[PDB]
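Pasted below: final_34.txt, compact mmCIF, C-alpha atoms and all ligand atoms.
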```txt
# COMPACT_ATOMS: atom_id res chain seq x y z
CA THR A 1 21.06 -18.16 -4.64
CA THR A 2 17.66 -16.79 -3.57
CA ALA A 3 15.46 -14.15 -5.23
CA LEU A 4 14.62 -10.72 -3.80
CA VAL A 5 11.21 -9.05 -3.43
CA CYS A 6 11.00 -5.29 -2.95
CA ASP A 7 7.63 -3.60 -2.46
CA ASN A 8 8.23 0.09 -3.18
CA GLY A 9 5.53 1.64 -1.00
CA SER A 10 4.47 5.26 -0.78
CA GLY A 11 5.02 5.17 2.98
CA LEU A 12 6.87 1.94 3.72
CA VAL A 13 9.28 -0.16 1.71
CA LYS A 14 8.68 -3.86 2.33
CA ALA A 15 11.76 -5.92 1.43
CA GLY A 16 12.81 -9.55 1.83
CA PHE A 17 13.56 -12.84 0.07
CA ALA A 18 11.22 -14.83 -2.18
CA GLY A 19 9.86 -17.92 -0.44
CA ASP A 20 9.81 -16.21 2.96
CA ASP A 21 6.91 -15.94 5.38
CA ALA A 22 6.91 -12.15 5.52
CA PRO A 23 9.16 -9.20 4.62
CA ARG A 24 12.56 -9.18 6.34
CA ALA A 25 12.79 -5.38 6.19
CA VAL A 26 10.10 -2.74 6.64
CA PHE A 27 11.11 0.93 6.75
CA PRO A 28 9.93 4.44 5.72
CA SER A 29 10.28 5.44 2.06
CA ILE A 30 12.11 8.62 3.05
CA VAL A 31 15.40 10.16 1.89
CA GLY A 32 17.09 12.74 4.12
CA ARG A 33 19.99 15.06 3.25
CA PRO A 34 21.44 18.20 4.94
CA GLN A 35 28.20 12.17 9.20
CA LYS A 36 26.78 11.25 5.77
CA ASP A 37 25.33 12.89 2.65
CA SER A 38 22.13 10.83 2.64
CA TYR A 39 20.19 8.83 5.23
CA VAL A 40 17.40 6.41 4.34
CA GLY A 41 14.56 4.95 6.37
CA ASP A 42 14.16 5.21 10.13
CA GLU A 43 17.36 7.12 10.93
CA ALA A 44 16.37 9.62 8.24
CA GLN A 45 13.41 10.86 10.33
CA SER A 46 15.26 10.62 13.65
CA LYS A 47 17.63 13.27 12.33
CA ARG A 48 14.79 15.03 10.51
CA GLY A 49 15.83 18.31 12.11
CA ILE A 50 19.25 18.41 10.48
CA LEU A 51 18.09 16.91 7.16
CA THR A 52 15.71 17.72 4.30
CA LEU A 53 13.16 14.91 4.01
CA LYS A 54 12.13 13.81 0.51
CA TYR A 55 9.06 11.70 -0.32
CA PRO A 56 10.04 10.05 -3.63
CA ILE A 57 7.23 7.47 -3.88
CA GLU A 58 4.26 9.34 -2.42
CA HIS A 59 0.96 8.72 -4.19
CA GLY A 60 2.44 5.40 -5.34
CA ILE A 61 4.47 6.52 -8.35
CA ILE A 62 8.21 7.25 -8.23
CA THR A 63 8.94 10.92 -8.97
CA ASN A 64 12.66 11.25 -8.11
CA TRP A 65 15.15 8.68 -9.41
CA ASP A 66 18.13 9.99 -7.43
CA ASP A 67 16.16 9.63 -4.19
CA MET A 68 14.86 6.23 -5.23
CA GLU A 69 18.36 5.03 -6.09
CA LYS A 70 19.32 5.76 -2.47
CA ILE A 71 16.39 3.73 -1.12
CA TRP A 72 17.23 0.73 -3.30
CA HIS A 73 20.90 0.94 -2.30
CA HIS A 74 19.88 1.11 1.37
CA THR A 75 17.63 -1.92 0.83
CA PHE A 76 20.06 -4.33 -0.83
CA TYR A 77 22.96 -3.41 1.45
CA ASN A 78 22.01 -1.69 4.72
CA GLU A 79 18.79 -3.71 5.28
CA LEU A 80 19.00 -7.12 3.54
CA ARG A 81 22.80 -7.54 3.33
CA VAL A 82 22.99 -8.98 -0.19
CA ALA A 83 24.97 -8.50 -3.40
CA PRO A 84 22.33 -7.30 -5.89
CA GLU A 85 24.33 -8.93 -8.71
CA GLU A 86 23.95 -12.34 -7.07
CA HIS A 87 20.18 -12.23 -6.51
CA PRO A 88 17.29 -11.75 -8.97
CA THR A 89 15.07 -8.82 -7.96
CA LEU A 90 11.29 -8.48 -8.09
CA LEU A 91 10.10 -4.88 -7.85
CA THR A 92 6.47 -3.89 -7.32
CA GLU A 93 4.77 -0.96 -9.05
CA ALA A 94 1.64 1.08 -8.51
CA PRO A 95 -1.38 0.45 -10.73
CA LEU A 96 -1.36 2.60 -13.89
CA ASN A 97 2.39 3.14 -13.56
CA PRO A 98 3.36 4.65 -16.95
CA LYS A 99 5.71 2.93 -19.40
CA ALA A 100 8.46 5.54 -19.07
CA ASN A 101 8.48 4.70 -15.36
CA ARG A 102 8.84 0.91 -15.62
CA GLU A 103 11.64 1.42 -18.12
CA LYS A 104 13.70 3.56 -15.74
CA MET A 105 13.08 1.06 -12.94
CA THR A 106 14.43 -1.65 -15.21
CA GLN A 107 17.32 0.56 -16.33
CA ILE A 108 18.48 1.27 -12.78
CA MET A 109 18.28 -2.38 -11.68
CA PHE A 110 20.67 -3.48 -14.43
CA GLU A 111 23.00 -0.49 -14.85
CA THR A 112 23.13 0.92 -11.32
CA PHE A 113 22.84 -2.28 -9.27
CA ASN A 114 23.79 -4.76 -11.96
CA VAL A 115 21.28 -7.45 -11.04
CA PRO A 116 21.38 -10.73 -13.00
CA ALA A 117 17.63 -10.66 -13.53
CA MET A 118 14.60 -8.56 -12.55
CA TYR A 119 10.83 -8.14 -12.90
CA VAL A 120 8.16 -5.50 -12.21
CA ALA A 121 4.73 -6.50 -10.87
CA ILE A 122 1.55 -4.55 -10.07
CA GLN A 123 1.02 -4.45 -6.29
CA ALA A 124 -2.73 -5.13 -6.38
CA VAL A 125 -2.18 -8.14 -8.61
CA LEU A 126 0.28 -9.62 -6.11
CA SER A 127 -2.16 -9.17 -3.21
CA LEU A 128 -4.81 -11.13 -5.09
CA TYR A 129 -2.32 -13.92 -5.74
CA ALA A 130 -1.59 -14.03 -2.01
CA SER A 131 -5.27 -14.77 -1.36
CA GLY A 132 -5.13 -17.71 -3.78
CA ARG A 133 -7.07 -15.98 -6.55
CA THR A 134 -6.34 -14.93 -10.11
CA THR A 135 -9.78 -13.30 -10.38
CA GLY A 136 -11.33 -10.66 -8.13
CA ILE A 137 -11.24 -6.92 -7.44
CA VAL A 138 -8.60 -5.60 -5.04
CA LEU A 139 -8.90 -2.62 -2.72
CA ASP A 140 -5.33 -1.58 -1.97
CA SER A 141 -5.18 1.24 0.59
CA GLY A 142 -1.69 2.12 1.81
CA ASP A 143 -0.04 5.28 3.11
CA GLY A 144 -0.37 7.82 0.31
CA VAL A 145 -2.85 6.32 -2.17
CA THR A 146 -5.76 3.91 -2.53
CA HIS A 147 -6.62 1.77 -5.57
CA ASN A 148 -9.40 -0.38 -6.95
CA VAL A 149 -7.91 -2.93 -9.33
CA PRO A 150 -10.21 -5.50 -10.96
CA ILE A 151 -8.27 -8.57 -12.10
CA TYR A 152 -9.44 -11.39 -14.39
CA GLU A 153 -7.67 -14.67 -15.10
CA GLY A 154 -4.57 -13.26 -13.42
CA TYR A 155 -4.22 -9.91 -15.20
CA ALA A 156 -5.37 -6.46 -14.10
CA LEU A 157 -7.90 -4.58 -16.23
CA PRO A 158 -6.29 -1.11 -16.49
CA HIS A 159 -9.42 0.45 -17.95
CA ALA A 160 -11.37 -0.01 -14.78
CA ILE A 161 -8.66 0.82 -12.23
CA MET A 162 -9.74 3.56 -9.81
CA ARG A 163 -7.15 5.74 -8.07
CA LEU A 164 -8.09 7.55 -4.87
CA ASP A 165 -5.48 9.94 -3.44
CA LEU A 166 -6.68 9.35 0.13
CA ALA A 167 -5.04 6.91 2.54
CA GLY A 168 -3.56 6.19 5.98
CA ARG A 169 -1.40 9.31 5.92
CA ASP A 170 -4.39 11.56 5.31
CA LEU A 171 -6.27 9.79 8.10
CA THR A 172 -3.35 10.34 10.49
CA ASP A 173 -3.45 14.04 9.62
CA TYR A 174 -7.24 14.09 10.12
CA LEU A 175 -7.04 12.31 13.48
CA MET A 176 -4.44 14.83 14.67
CA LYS A 177 -6.90 17.56 13.71
CA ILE A 178 -10.08 16.25 15.36
CA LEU A 179 -8.08 15.30 18.47
CA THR A 180 -6.86 18.88 18.69
CA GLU A 181 -10.50 19.99 18.54
CA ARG A 182 -11.24 17.53 21.35
CA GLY A 183 -8.95 19.53 23.64
CA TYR A 184 -5.48 18.16 22.99
CA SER A 185 -2.62 19.42 20.88
CA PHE A 186 -1.12 16.98 18.39
CA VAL A 187 0.67 19.26 15.93
CA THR A 188 4.40 18.47 15.84
CA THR A 189 6.06 15.82 13.65
CA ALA A 190 6.92 13.81 16.75
CA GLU A 191 3.27 14.01 17.75
CA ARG A 192 2.30 12.78 14.29
CA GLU A 193 4.20 9.57 14.99
CA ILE A 194 2.21 9.28 18.21
CA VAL A 195 -1.19 9.96 16.64
CA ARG A 196 -0.29 7.33 14.05
CA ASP A 197 0.09 4.79 16.87
CA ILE A 198 -3.28 5.78 18.34
CA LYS A 199 -4.84 5.37 14.90
CA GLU A 200 -3.46 1.85 14.46
CA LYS A 201 -4.53 0.62 17.91
CA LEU A 202 -7.88 2.23 18.80
CA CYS A 203 -9.66 3.29 15.60
CA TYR A 204 -12.33 1.19 13.88
CA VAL A 205 -14.91 1.40 11.10
CA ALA A 206 -18.51 1.91 12.22
CA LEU A 207 -21.06 -0.36 10.52
CA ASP A 208 -23.66 2.39 10.93
CA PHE A 209 -21.70 5.63 11.33
CA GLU A 210 -24.86 7.60 12.15
CA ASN A 211 -25.70 5.27 15.05
CA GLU A 212 -22.15 5.19 16.50
CA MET A 213 -21.97 9.01 16.55
CA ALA A 214 -25.15 9.12 18.59
CA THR A 215 -23.95 6.28 20.84
CA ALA A 216 -20.74 8.16 21.64
CA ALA A 217 -22.77 11.33 22.21
CA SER A 218 -24.76 9.75 25.05
CA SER A 219 -22.47 7.19 26.67
CA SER A 220 -18.85 6.49 27.57
CA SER A 221 -19.12 3.00 26.10
CA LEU A 222 -17.04 3.77 23.00
CA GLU A 223 -14.30 5.63 24.87
CA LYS A 224 -10.79 4.26 25.24
CA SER A 225 -7.72 5.57 27.06
CA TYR A 226 -4.28 5.95 25.52
CA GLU A 227 -1.11 6.58 27.52
CA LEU A 228 1.31 9.00 25.87
CA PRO A 229 5.10 8.44 26.10
CA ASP A 230 5.46 11.10 28.85
CA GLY A 231 2.84 9.26 30.91
CA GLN A 232 -0.14 11.51 30.15
CA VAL A 233 -3.36 9.56 29.66
CA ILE A 234 -5.78 10.87 27.04
CA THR A 235 -9.32 9.75 26.18
CA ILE A 236 -10.54 9.08 22.64
CA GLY A 237 -14.26 8.80 21.93
CA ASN A 238 -15.94 9.19 18.55
CA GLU A 239 -12.57 10.08 16.99
CA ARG A 240 -11.96 6.32 16.87
CA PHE A 241 -14.48 5.84 14.03
CA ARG A 242 -14.70 9.35 12.58
CA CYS A 243 -11.11 8.89 11.46
CA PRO A 244 -11.48 5.91 9.10
CA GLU A 245 -15.02 7.04 8.20
CA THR A 246 -13.16 9.45 5.91
CA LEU A 247 -12.52 6.51 3.55
CA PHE A 248 -16.28 6.33 3.01
CA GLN A 249 -16.93 10.05 3.31
CA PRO A 250 -13.89 11.86 1.86
CA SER A 251 -15.79 15.12 2.44
CA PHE A 252 -14.73 14.86 6.09
CA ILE A 253 -11.26 15.88 4.93
CA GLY A 254 -12.51 18.14 2.11
CA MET A 255 -12.52 15.93 -0.99
CA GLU A 256 -15.11 16.06 -3.75
CA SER A 257 -14.15 12.40 -4.26
CA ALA A 258 -16.33 9.32 -3.68
CA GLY A 259 -15.89 6.79 -0.86
CA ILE A 260 -14.02 3.50 -1.21
CA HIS A 261 -17.34 1.65 -1.45
CA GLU A 262 -18.37 3.70 -4.49
CA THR A 263 -14.98 3.45 -6.23
CA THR A 264 -15.15 -0.30 -5.69
CA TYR A 265 -18.67 -0.38 -7.12
CA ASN A 266 -17.84 1.92 -10.03
CA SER A 267 -14.75 -0.15 -10.79
CA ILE A 268 -16.80 -3.35 -11.20
CA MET A 269 -19.34 -1.63 -13.44
CA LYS A 270 -16.60 -0.69 -15.91
CA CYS A 271 -15.91 -4.41 -16.26
CA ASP A 272 -17.69 -6.79 -18.62
CA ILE A 273 -21.05 -8.05 -17.36
CA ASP A 274 -19.81 -11.64 -17.56
CA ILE A 275 -17.08 -11.23 -14.94
CA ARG A 276 -18.85 -8.79 -12.57
CA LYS A 277 -20.37 -11.57 -10.45
CA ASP A 278 -16.88 -13.01 -9.98
CA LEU A 279 -15.63 -9.60 -8.86
CA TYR A 280 -18.51 -8.91 -6.44
CA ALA A 281 -17.84 -12.30 -4.85
CA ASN A 282 -14.10 -11.67 -4.56
CA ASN A 283 -13.37 -8.29 -3.02
CA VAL A 284 -9.87 -8.75 -1.63
CA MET A 285 -8.58 -5.98 0.62
CA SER A 286 -4.93 -5.04 0.76
CA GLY A 287 -2.71 -2.59 2.62
CA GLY A 288 -2.33 -1.09 6.08
CA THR A 289 -5.27 1.29 5.76
CA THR A 290 -7.63 -1.68 5.41
CA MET A 291 -6.54 -3.03 8.81
CA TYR A 292 -9.32 -1.23 10.68
CA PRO A 293 -11.81 -3.41 12.59
CA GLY A 294 -15.24 -3.83 10.99
CA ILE A 295 -14.19 -2.31 7.67
CA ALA A 296 -15.03 -5.58 5.88
CA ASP A 297 -18.53 -5.74 7.40
CA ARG A 298 -19.02 -2.12 6.34
CA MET A 299 -17.96 -2.82 2.73
CA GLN A 300 -20.26 -5.84 2.85
CA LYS A 301 -23.06 -3.45 3.79
CA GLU A 302 -22.30 -0.54 1.45
CA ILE A 303 -21.73 -2.66 -1.66
CA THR A 304 -24.95 -4.61 -1.05
CA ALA A 305 -26.84 -1.30 -1.09
CA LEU A 306 -25.20 -0.47 -4.44
CA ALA A 307 -25.33 -3.86 -6.15
CA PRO A 308 -28.28 -5.75 -7.69
CA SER A 309 -30.49 -7.27 -4.98
CA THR A 310 -29.70 -10.79 -6.24
CA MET A 311 -25.94 -10.26 -6.26
CA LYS A 312 -23.76 -12.51 -4.08
CA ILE A 313 -21.14 -10.33 -2.40
CA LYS A 314 -18.12 -11.46 -0.39
CA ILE A 315 -15.40 -9.32 1.18
CA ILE A 316 -12.11 -11.11 1.83
CA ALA A 317 -9.83 -9.32 4.32
CA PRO A 318 -6.81 -11.54 5.07
CA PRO A 319 -5.22 -11.10 8.54
CA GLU A 320 -1.83 -10.57 6.89
CA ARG A 321 -3.08 -7.99 4.40
CA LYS A 322 -0.59 -5.39 5.65
CA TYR A 323 2.02 -7.35 3.67
CA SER A 324 -0.38 -8.85 1.11
CA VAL A 325 1.49 -7.24 -1.80
CA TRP A 326 4.88 -8.44 -0.60
CA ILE A 327 3.77 -11.99 0.17
CA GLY A 328 2.26 -12.16 -3.33
CA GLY A 329 5.57 -11.35 -5.00
CA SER A 330 7.26 -13.92 -2.77
CA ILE A 331 4.80 -16.55 -4.04
CA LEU A 332 5.03 -15.49 -7.69
CA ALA A 333 8.83 -15.53 -7.61
CA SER A 334 8.79 -18.99 -5.99
CA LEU A 335 7.08 -20.68 -8.95
CA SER A 336 9.24 -22.76 -11.29
CA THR A 337 7.15 -21.53 -14.19
CA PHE A 338 7.97 -17.91 -13.33
CA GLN A 339 11.72 -18.48 -13.75
CA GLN A 340 11.59 -18.01 -17.52
CA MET A 341 9.59 -14.81 -16.95
CA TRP A 342 12.51 -12.91 -15.40
CA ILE A 343 14.16 -10.28 -17.56
CA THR A 344 17.75 -11.53 -17.71
CA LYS A 345 20.74 -9.19 -18.00
CA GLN A 346 21.52 -10.66 -21.42
CA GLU A 347 17.96 -9.92 -22.54
CA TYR A 348 18.48 -6.34 -21.35
CA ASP A 349 21.83 -5.86 -23.08
CA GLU A 350 20.20 -7.01 -26.33
CA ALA A 351 16.86 -5.15 -26.31
CA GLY A 352 17.39 -2.34 -23.79
CA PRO A 353 14.87 -0.97 -21.24
CA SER A 354 12.05 -1.48 -23.76
CA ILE A 355 12.25 -5.24 -23.15
CA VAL A 356 10.02 -4.69 -20.12
CA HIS A 357 7.09 -3.96 -22.45
CA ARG A 358 7.09 -7.60 -23.57
CA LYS A 359 8.03 -9.36 -20.33
CA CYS A 360 6.06 -7.40 -17.72
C1 LIG B 401 0.14 -19.34 -1.35
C2 LIG B 401 0.05 -19.81 -2.80
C3 LIG B 401 -1.24 -19.50 -3.48
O1 LIG B 401 -1.82 -18.50 -3.10
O2 LIG B 401 -1.67 -20.24 -4.57
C4 LIG B 401 -2.18 -19.55 -5.64
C5 LIG B 401 -3.32 -20.24 -6.28
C6 LIG B 401 -3.14 -21.70 -6.65
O3 LIG B 401 -3.85 -22.69 -5.98
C7 LIG B 401 -3.26 -23.91 -5.62
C8 LIG B 401 -2.21 -24.57 -6.50
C9 LIG B 401 -0.91 -24.06 -6.59
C10 LIG B 401 0.03 -24.68 -7.41
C11 LIG B 401 -0.33 -25.83 -8.13
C12 LIG B 401 -1.64 -26.36 -8.03
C13 LIG B 401 -2.57 -25.73 -7.21
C14 LIG B 401 -1.05 -19.03 -6.59
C15 LIG B 401 -0.52 -20.06 -7.47
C16 LIG B 401 -1.40 -17.65 -7.25
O4 LIG B 401 -2.69 -17.56 -7.74
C17 LIG B 401 -0.31 -17.07 -8.19
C18 LIG B 401 1.02 -17.02 -7.52
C19 LIG B 401 -0.29 -17.66 -9.61
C20 LIG B 401 0.25 -16.75 -10.76
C21 LIG B 401 -0.37 -16.90 -12.18
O5 LIG B 401 -0.91 -17.96 -12.50
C22 LIG B 401 -0.30 -15.74 -13.19
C23 LIG B 401 -1.66 -15.32 -13.63
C24 LIG B 401 0.76 -16.00 -14.28
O6 LIG B 401 2.05 -16.30 -13.69
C25 LIG B 401 2.73 -17.47 -14.04
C26 LIG B 401 3.76 -17.99 -13.11
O7 LIG B 401 2.23 -18.23 -14.83
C27 LIG B 401 0.88 -15.01 -15.43
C28 LIG B 401 1.64 -15.55 -16.62
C29 LIG B 401 1.38 -13.61 -15.00
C30 LIG B 401 0.41 -12.62 -14.77
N1 LIG B 401 0.75 -11.36 -14.08
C31 LIG B 401 1.70 -11.34 -12.97
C32 LIG B 401 0.12 -10.18 -14.50
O8 LIG B 401 0.38 -9.11 -13.93
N1 LIG B 402 -3.41 -1.72 12.11
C1 LIG B 402 -3.50 -0.59 11.38
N2 LIG B 402 -4.59 0.21 11.45
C2 LIG B 402 -4.73 1.33 10.74
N3 LIG B 402 -3.79 1.77 9.89
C3 LIG B 402 -2.64 1.07 9.72
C4 LIG B 402 -2.43 -0.17 10.46
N4 LIG B 402 -1.23 -0.65 10.10
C5 LIG B 402 -0.72 0.22 9.20
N5 LIG B 402 -1.56 1.25 8.98
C6 LIG B 402 -1.34 2.39 8.06
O1 LIG B 402 -1.10 1.91 6.74
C7 LIG B 402 -0.13 2.74 6.10
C8 LIG B 402 0.97 1.83 5.55
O2 LIG B 402 0.36 1.01 4.56
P1 LIG B 402 1.18 0.34 3.36
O3 LIG B 402 0.27 -0.64 2.65
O4 LIG B 402 2.54 -0.09 3.85
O5 LIG B 402 1.35 1.64 2.42
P2 LIG B 402 2.30 1.65 1.12
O6 LIG B 402 2.56 0.17 0.87
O7 LIG B 402 1.45 2.36 0.07
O8 LIG B 402 3.53 2.42 1.52
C9 LIG B 402 0.33 3.76 7.12
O9 LIG B 402 -0.29 5.02 6.83
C10 LIG B 402 -0.15 3.25 8.46
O10 LIG B 402 -0.53 4.30 9.37
CA CA B 403 1.40 -1.27 -0.70
```

In structure tokens, how does this file's structure come out?
Ligand SMILES: CCC(=O)O[C@H](CCOCc1ccccc1)[C@@H](C)[C@H](O)[C@@H](C)CCC(=O)[C@H](C)[C@H](OC(C)=O)[C@H](C)CCN(C)C=O
Ligand SMILES: Nc1ncnc2c1ncn2[C@@H]1O[C@H](COP(=O)(O)OP(=O)(O)O)[C@@H](O)[C@H]1O
Ligand SMILES: [Ca+2]
Amino acid sequence: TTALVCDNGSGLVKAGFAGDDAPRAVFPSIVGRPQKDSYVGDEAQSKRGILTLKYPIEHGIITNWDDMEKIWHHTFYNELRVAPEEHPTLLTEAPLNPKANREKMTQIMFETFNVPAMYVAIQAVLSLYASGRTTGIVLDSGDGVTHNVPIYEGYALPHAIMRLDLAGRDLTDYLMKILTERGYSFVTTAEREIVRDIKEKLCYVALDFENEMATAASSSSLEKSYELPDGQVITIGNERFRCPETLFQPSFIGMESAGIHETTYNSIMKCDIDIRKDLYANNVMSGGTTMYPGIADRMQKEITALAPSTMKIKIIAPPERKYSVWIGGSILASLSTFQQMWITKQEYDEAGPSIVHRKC
């Protein structure tokens, strides 16, 4: 038998088998309900007109357990084709996921899917493992939420975790907006899926945002063309970098919040002076919203301006960081040493859902 790894994302569930290269299944974390009573994933948004879409894991934390039960059922069966009772299951959780939450995750796995063994891991922590580190600060930016998670000797430091409710979804919505100002009209849900493609293929982070704005304002050198599905060809200029600039200037979208460079900085400063140098030198970036070109070089710049002038700063941005969290779980669950760390069904029958407070 082989173990299972399920990354419960705010936008995309990444599912597969421990030991594997990448996730075997990647689909939207959406539950639709009005020839069935509930659809999950891709076909849930295809029939979005006849269904009511639910977002049970937005902002990282699971809010509806009936919806989430449907996603897990759709994952074991309709996506991975496995008997959950035959395979141990590793679930991921958001940073600062409360105790009452982990317990219900553990309860469902054993009572509703009857797994033989399970475990819950922090997503940021797994990403760091995937980069071959047990120490360093992770910037996880996904669909619905962004996190700074400093980690030392293999464990997250909850005290210094920063949560920023601004991510790829908000940038999609912003790009739709500034493209509609440009002269187009990207308003409908089907046009959101299109503007999301544009975002992922033509946007980048400007090293000097001030300079790029002025470059695009006096030359066509930063313009690209994008063909829409109906054949129409549109042109995108400064919108390419104004979109992900929002990560650094959340005021673009109307947030009083700080940029991802500041939350990274502020996160390190909450950590003990001894380990700060290790963190500065090990910024590992995780999640789809960190896939922009030149975002690493920008973090390299912005942190340097915030850190002590002597401080050695390195930004690690792995090419596979879109599945960094998943790959990490797949590595963790592949260790022999980790096998005793599973919560077994016997251990659950004897101590109940509160066993997860001593194992995870
Ligand atoms: C592609 C593989 C890879 O990236 O390698 C990583 C670093 C190791 O370097 C090479 C190596 C690997 C094995 C043997 C010798 C040398 C691995 C090993 C990671 O750092 C990671 C998977 C290790 C996990 C741990 O050591 C943590 C801290 C502990 O887990 C176990 C199995 O002992 C810890 C008890 C759990 C902490 N945790 C998950 C907190 O949330
Ligand atoms: N190459 C890319 N460039 C920019 N954004 C991307 C890219 N790939 C994925 N994304 C964005 O990342 C988000 C998905 O990230 P993910 O880490 O799966 O989120 P979560 O795991 O929190 O659900 C989506 O909003 C998507 O638009
Ligand atoms: Ca994620």

**OP:** Within 6 Å of ligand LIG 402 (chain B), which residues show up when you count only C-alpha atoms and all ligand atoms? List them as a PyMOL selection string, please.
**Re:** chain A and resi 9-12+142-144+168-169+196+199-200+287-289+291-292+322

Subject >> Straight-line distance linking CA of residue 251 in chain A with CA of residue 239 in chain A, stated in Å to one decimal >> reply: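 Result for CA of residue 251 in chain A versus CA of residue 239 in chain A: 15.7 Å, one decimal.
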
**OP:** Enumerate residues in contact with ligand LIG 401 (chain B): an atom-to-atom distance of at most 10 Å, counting all atoms listed in the file. Format the result as a ChimeraX atom specification.
**Re:** /A:19,119-135,151-157,327-341,359-360

Original post:
Using all atoms listed in the file, which residues sit within 12 Å of residue 186 in chain A once same-chain residues fewer than 4 positions away are excluded, as an MDAnalysis selection string?
Top reply: chainID A and resid 172:182 190:196 198 228 234

**OP:** Find the residues around residue 8 in chain A up to 8 Å (only C-alpha atoms counted), leave out those fewer than 3 positions away in its own chain, and share them as JSON, numbers by chain.
**Re:** {"A": [12, 13, 14, 29, 57, 91, 92, 93]}

Can you write out the residues you just picked, keeping C-alpha atoms, as a short mmCIF file (atom, residue, chain, number, x, y, z; two decimals), in the coordinates of the input?
```cif
data_model
loop_
_atom_site.label_atom_id
_atom_site.label_comp_id
_atom_site.auth_asym_id
_atom_site.auth_seq_id
_atom_site.Cartn_x
_atom_site.Cartn_y
_atom_site.Cartn_z
CA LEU A 12 6.87 1.94 3.72
CA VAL A 13 9.28 -0.16 1.71
CA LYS A 14 8.68 -3.86 2.33
CA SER A 29 10.28 5.44 2.06
CA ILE A 57 7.23 7.47 -3.88
CA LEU A 91 10.10 -4.88 -7.85
CA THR A 92 6.47 -3.89 -7.32
CA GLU A 93 4.77 -0.96 -9.05
#
```

Subject >> Residues near range 97-112 of chain A, cut-off 6 Å, all atoms listed in the file, skip fewer than 3 positions along chain, as a PyMOL selection string >> reply: chain A and resi 94+115+353

Could you save the residues just selected, with C-alpha atoms, as a CSV table (one decimal), keeping the file's coordinate frame?
```
chain,number,residue,atom,x,y,z
A,94,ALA,CA,1.6,1.1,-8.5
A,115,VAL,CA,21.3,-7.4,-11.0
A,353,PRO,CA,14.9,-1.0,-21.2
```

Subject >> Shell around residue 244 in chain A at 7 Å using all atoms listed in the file, local window under 4 positions removed, as a ChimeraX atom specification >> reply: /A:171,204-205

Subject >> Nearest to ligand CA 403 (chain B), chosen from A:139, A:253, A:51, A:25, with all atoms listed in the file counted in the distances >> reply: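 Closest to ligand CA 403 (chain B) of all the choices is A:139.
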
**OP:** Find the spatial neighbours of residue 43 in chain A, counting all atoms listed in the file, within a cut-off of 12 Å - ignore same-chain residues fewer than 4 positions away - and output them as a list in words.
**Re:**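 Once the adjacent positions are removed, what remains is residues 27, 28, 29, 30, 31, 32, 33, 36, 38, 39, 47, 48, 49, 50, 51, 53, 74 and 78 of chain A.
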
**OP:** In Å, rounded to a single decimal, give me how far atom CA of ligand CA 403 (chain B) is from CA of residue 140 in chain A.
**Re:**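 CA of residue 140 in chain A sits 6.9 Å away from atom CA of ligand CA 403 (chain B).
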
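With all atoms listed in the file as the basis for measurement, A:321 is the residue among A:321, A:345, A:73, A:87 that approaches ligand CA 403 (chain B) most closely.
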
Original post:
Taking all atoms listed in the file into account, which of A:275, A:326, A:58, A:295 comes nearest ligand CA 403 (chain B)?
Top reply: A:326

Original post:
Which one of A:117, A:72, A:290, A:350 sits closest to ligand CA 403 (chain B) if you count all atoms listed in the file?
Top reply: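 Result for the nearest residue to ligand CA 403 (chain B): A:290.
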
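Residue nearest ligand CA 403 (chain B) within the list A:300, A:309, A:52, A:324: A:324 [criterion: smallest interatomic distance, only C-alpha atoms and all ligand atoms].
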
Original post:
Taking all atoms listed in the file into account, which of A:61, A:343, A:306, A:216 comes nearest ligand CA 403 (chain B)?
Top reply: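 Using all atoms listed in the file, the shortest distance to ligand CA 403 (chain B) belongs to A:61.
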
Subject >> Atomic distance CA of residue 66 in chain A - CA of residue 1 in chain A, expressed in Å with one decimal >> reply: 28.4 Å

Exercise on range 66-79 of chain A, axis-aligned box with 4 Å per side, report centre and edge lengths in Å to one decimal, as AutoDock Vina command-line options:
```
--center_x 18.9 --center_y 2.8 --center_z -1.1 --size_x 16.1 --size_y 22.3 --size_z 20.7
```
